[PDB]
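**Student:** Build me a model:
(4 chains, ligands or ions: 2)
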Amino acid sequence: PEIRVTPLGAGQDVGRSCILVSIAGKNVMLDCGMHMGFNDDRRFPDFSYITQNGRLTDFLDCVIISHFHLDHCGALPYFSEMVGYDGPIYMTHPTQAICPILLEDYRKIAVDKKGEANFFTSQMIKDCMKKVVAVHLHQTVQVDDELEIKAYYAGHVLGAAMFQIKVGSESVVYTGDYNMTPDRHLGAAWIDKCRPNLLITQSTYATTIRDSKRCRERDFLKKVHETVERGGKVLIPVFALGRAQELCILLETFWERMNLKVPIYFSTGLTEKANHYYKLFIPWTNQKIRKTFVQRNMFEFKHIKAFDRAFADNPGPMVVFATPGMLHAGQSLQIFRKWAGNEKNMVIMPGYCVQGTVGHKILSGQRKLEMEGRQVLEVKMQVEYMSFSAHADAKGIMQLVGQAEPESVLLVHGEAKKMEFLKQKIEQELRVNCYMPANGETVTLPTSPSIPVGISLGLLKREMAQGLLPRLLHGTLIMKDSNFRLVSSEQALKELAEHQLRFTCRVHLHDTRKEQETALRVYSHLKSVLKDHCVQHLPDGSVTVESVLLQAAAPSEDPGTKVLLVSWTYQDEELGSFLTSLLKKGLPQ
Amino acid sequence: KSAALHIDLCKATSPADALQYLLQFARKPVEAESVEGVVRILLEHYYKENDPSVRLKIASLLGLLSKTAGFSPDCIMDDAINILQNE
Amino acid sequence: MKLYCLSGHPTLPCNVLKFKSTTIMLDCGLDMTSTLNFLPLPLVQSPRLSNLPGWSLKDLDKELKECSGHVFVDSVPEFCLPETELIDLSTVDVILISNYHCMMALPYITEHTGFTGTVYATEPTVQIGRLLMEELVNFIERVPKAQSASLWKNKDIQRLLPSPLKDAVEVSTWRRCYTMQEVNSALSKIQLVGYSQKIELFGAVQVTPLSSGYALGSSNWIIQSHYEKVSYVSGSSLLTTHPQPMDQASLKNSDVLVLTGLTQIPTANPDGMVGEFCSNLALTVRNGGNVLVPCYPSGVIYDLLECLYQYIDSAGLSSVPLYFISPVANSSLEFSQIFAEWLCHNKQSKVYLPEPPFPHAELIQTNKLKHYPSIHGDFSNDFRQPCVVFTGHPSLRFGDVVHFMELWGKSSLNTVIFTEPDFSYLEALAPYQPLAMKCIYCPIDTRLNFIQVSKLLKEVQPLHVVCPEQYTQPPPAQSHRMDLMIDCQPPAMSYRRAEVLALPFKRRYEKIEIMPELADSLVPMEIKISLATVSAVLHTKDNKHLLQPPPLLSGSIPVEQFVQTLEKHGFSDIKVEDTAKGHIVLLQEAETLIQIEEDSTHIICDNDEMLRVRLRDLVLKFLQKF
Amino acid sequence: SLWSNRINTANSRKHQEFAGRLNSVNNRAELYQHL
Ligand SMILES: [Zn+2]
Ligand SMILES: [Zn+2]
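**Tutor:** Residues are numbered from 1 along each chain as shown, chains lettered A, B, ... in the order given. Ligands and ions are numbered 1, 2, ... in the order given. Below is the structure in question.
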């Protein structure tokens, strides 16, 4: 009865997200990302941790993908096809649609811009897509007999989802990446009061709120206007499927004032595919777009360029949107390496740039680099790291944790310095456990699963029939036919060795008085101080509370002192015991 | 009408026909002065009736009738509380 | 355990089940066939309908109009609501919507009846239902007509009227069309739910919509309380339709299977009727005539549009225009396009590569299909005579279909093709009977027929089946087809309008959870099987029961074992009295006594208190609580 | 002992362990050992 979580990727880093969860003997993989920046043998997660030189399908019964980013799904074809996992892979419909093209682009990069001795191919990418099982929003699929998973809304990118993993009473929620503040084309994350045993959250931004939405857009457009005022060019890179749409529409609306076209250097095929995917998956987008897509198509951009030409053009106000984000390789690095200038070569980073060369040094001066024939920049050259990535900040993370209300929390997809601060904040604020697992570290938690039992309707009703206003419930549990069925004693008899045991004692009364005193006066000894005893009135004269009767017979039939029958059972043993005790010698003449 | 409703409810079958007649009767309005007789008949049939749905419809109807015009329902709340206690 | 059926219409049900602690409304439904008794609402005041002769009786005359023998009502069309006064709808906690066809009448329930509960439905159902109420309100309020007709509703007057007007039922309960404010208010009280989404209702019951395959967002519901499951099978289809097929597996292990939304005209094969419709319109168009296709803007129109796109290319009729006139035309086309993940595996595979799912986007791109919001806009400029028009309400009582029927009704060249089976095509056509227009009835109903539902029943094996009484008898038109029946091993009880069914599915053994702390103190035993005893305190929160930690006994104590085993377990000076069918044992210390009856024991104490507890405990060596 | 029998039943029907978790030290294991 334990939940063992071993993040062998993105434990205290961002990238190569791949988390193993063993909850009730069901071993699930929570992501299959890849790392960016690493050259060889560390791009993909360490799958030797799962008993290499063997069949992974036996060990893992379910593989879940949060969204289509390469640090969450990049190692999927290599993993599946190469290491031989033929089991199910769960991912939302937009994730299924947009995942293979990202893999194809990175495959093109690897075979052209680098070596490809130990990489996968397009046919092997398509082979992986066969095992995929698409899961809709809030679709509680039954991957196994007892294991079931539910996809929520994450708001990071199109099709990004938080995957609950419920088996029995135990449940684990993995948010992957998410944003609690809605974008211009994506809604806010939401999850019901799941109250799971563990909640695994991203922590790439444990910083404070990033100055709302309008202020950030205003600052970004002001920087763009400042750079283009002196005729400089702008070279923002982006992955072309995440925050690219928001930046595109924002800069287009800003350009409604002056009306000069802006070049979108993500491939025209890729741009068309992005527009089509966003129009096919309108339900996954914001209510802003969900209600206004019929009136007008905001994705029909009036400004676009194909590729290499306008990049090497005259120094105008042209702002390039490079196809590969993070400045790790591709068109982004090709343009950046050939661009310099005070107003020109404005490099605005919306992403995080987790460990990739060039891009990661946003906090640095961005004028040092590490490459052959490296260049230098100037202060006016934009190296601004605008907070436009669709990631929830600290306030969003606290909001999500309070919304879900988990028993415990775990942190991944972040930096150790930020994650320790976030863990301290969570522990000090919500009084809920938090964890700090590194890559390869196993985190184990105990579980307290309740026992599923069936209680009879009659006993259940009788529970509050007398216990609505100091109460108790007594019954017998029958673990018959390998199932648990709680019933009352009568239904226990009815199930199937009967031998009733009672108390109907005749205590020789010490009180030696009249017949009236012995019979009609002794029997009124219930209401003195005793409690939790029902009251029923009868004209004849007797005390009938459950298995209690005291008016027995004549006061002295046996040739001795007065004899009276005191009767009680084990549930009402208090009354009968007290009566017998005070009748043995407690009522003298 | 009072006697017509009485005899119709008497002759109708308990589970369904009486329910249909009550459904038809609930739509048409009732004059204020005649409310007392019809609610008395409805109470009598409530006592007679054993079906739960028919008694439920009788309760709903005789609650509806209390909203009719300037009728004074202070004469029909003792029987109402009585049947509520007995229900 | 109970089921209040508020509508006698089979394909438009409204059922409320007082099951467990919640009363759940299954569908709303709006019997639109009452509109056929009224005179149609034209876009422009026609001379023919205005100058119709009033009907004569001994008494009125201006309320009723006569056209070719049939007698109609000269008033705004009215809609037969479900029975709202049978059960106080304020007590209804949840409403479950299966189809957009069953989504209508919801504004009435939500606004006028004091309903304060929740409404659960799938998003395509909500959007398409919104479009349907949009177009219905637009048609009704486009050219408003007064409601002067009230004398004919009288009980003693309706008897003498002719058959279509005499057989109308619940006429006093008919209401005019809801306003758009009510529609907007009603759709604000809705929660969107996806397929197989488990929605907990106050911790008591769990409801999931399951794909029915009949329409976009069409869903069947299963309500369960962890031991008793109730399955609601609305309109469903097992054909090759665009939505993902029926989820028949989840309907298994159902105590009660309430079954509605079965096909009308069961003898019709929908593929053959689609082919016949295409062939008929091709024949009409080839001779230079026009074609009118009364249909809903978002129902079976898409399937026949696909078949027409395939057919015209081979038929050499690409020149003729395909007009689609409705206020919600573009909205219908766009909503049909965007709901791509709500399709079957064949058509949802079109989202991987960039391509819209439905092919009528190609009809628009090649300028084959031309959708317009009305007649007065760009349609009147782009109208070409040998055309085909999909428009108006299929009831032929409002919308642009009235105008087109009045326009093309005078010529034999033009044709009107009926595809929706929910309206009697002879009765909807009644206010226009002396036309020369060629009228063709080829309804396309993809819903379950009786062979399909028989196979589904044998696959699912529900314990009890609930259906409208119309399905327990053959249809009146045939009256001799035993195959058009619901045949079940149980009698398959049925219902009529405003009938209350007491279902026999009442069961005990509600579920409860026991925490580990109390389970540690609970220890089992052995009997003849395991058994234990529990004494605890019951904690209930949100209809979920938890067992917090704070007469009968059983065993084998025959007279021989009683006398022998416990003879000298600690006391002395014990005698046995030769009593019949047992033995009486009493001690001389204070006349303490032990008596046994058949399968029973009890201990007597006489002026002694300290030894009594040990006397009881001695017998408890081999006495369980079974 | 009701919490004993059901826990034993649940633990009895389980699945194979990860090699790394078997070889782990202090609930942590070195990754990419071959490098
Ligand atoms: Zn990420
Ligand atoms: Zn991400």
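
**Student:** C-alpha only now, for contacts and for neighbours.
**Tutor:** Will do.

**Student:** Beyond the helix or strand residue A:417 falls within, next helix or strand please.
**Tutor:** Element membership for residue A:417, per DSSP states H and E: helix A:416-430. Using DSSP H and E, the helix or strand that follows helix A:416-430 towards the C-terminus is strand A:433-435.

**Student:** And that next one, what does it pack against?
**Tutor:** Packing contacts for strand A:433-435, counted by 3 or more CA pairs under 8 Å, 6 or more residues apart in numbering or on different chains; DSSP states H and E, involve strand A:408-412, helix A:416-430.

**Student:** just how off-centre is it within its chain?
**Tutor:** 15 Å (CA atoms, centre = their mean, to the nearest Å).

**Student:** Work out the sheet partners of that strand and label each with its direction, please.
**Tutor:** According to DSSP bridges, strand A:433-435 forms sheet pairs with strand A:408-412 (parallel).

**Student:** relative orientation of the partner strand and helix A:416-430 in degrees?
**Tutor:** Inter-element angle recorded for strand A:408-412 and helix A:416-430: 160 degrees (by axes from the mean of the first three to the mean of the last three CA atoms, to 10 degrees).

**Student:** Using CSV, write down the CA coordinates of strand A:408-412.
**Tutor:** The C-alpha coordinates for strand A:408-412 follow below in CSV (Å, rounded to 0.1, in the frame of the first residue of the first chain):
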residue,chain,number,x,y,z
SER,A,408,0.9,15.5,-0.7
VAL,A,409,2.7,17.5,-3.4
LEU,A,410,5.8,16.7,-5.6
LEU,A,411,7.8,19.1,-7.8
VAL,A,412,9.4,18.5,-11.2
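
**Student:** Mind listing residues that contact it?
**Tutor:** Strand A:408-412 is contacted from outside by A:7, A:10-14, A:196-203, A:419, A:423, A:432-437, using CA atoms under 8 Å, 6 or more residues apart in numbering or on different chains.

**Student:** Also stretch A:425-436?
**Tutor:** The contact list for stretch A:425-436 (CA under 8 Å, 6+ apart) reads A:11, A:12, A:398, A:407, A:408, A:409, A:410, A:411, A:419, A:420, A:423, A:443.

**Student:** In the stretch 301-450 of chain A, which residue sits nearest chain D?
**Tutor:** Residue of the stretch 301-450 of chain A nearest chain D, by CA to the nearest CA: residue A:441 (4.0 Å).

**Student:** Quick check: phi and psi on the nearest residue to that residue once chain neighbours are set aside?
**Tutor:** Distances taken as CA to CA, 6 or more residues apart in numbering or on different chains place residue D:28 nearest to residue A:441, at 4.0 Å, with adjacent residues excluded. For residue D:28, the backbone dihedrals are phi -140, psi 150 (criterion: degrees, to the nearest 10).

**Student:** Can you give me the neighbour number for residue D:28?
**Tutor:** Residue D:28 is flanked by 19 other residues according to other CA atoms under 10 Å in any protein chain shown.

**Student:** now residue C:465, what's its secondary structure?
**Tutor:** Judged by DSSP: H, G, I helix; E, B strand; the rest coil, the three-state class of residue C:465 is strand.

**Student:** Verify the contact between it and residue C:254 for me.
**Tutor:** No: counting by CA atoms under 8 Å, residue C:465 does not reach residue C:254; the two are 9.5 Å apart.

**Student:** For the residue in the stretch 351-500 of chain A that chain B sits nearest to, which three-state class applies?
**Tutor:** Per CA to the nearest CA, residue A:465 is where the stretch 351-500 of chain A lies closest to chain B, at 17.2 Å. With three-state DSSP as the basis, the three-state label of residue A:465 is helix.

**Student:** What residues does the spatially most central residue of chain B make contact with?
**Tutor:** For chain B, residue B:42 is the residue whose C-alpha lies nearest the centre (CA atoms, centre = their mean; 3.1 Å). Residues in contact with residue B:42 (CA under 8 Å, 6+ apart) are B:58, B:62.
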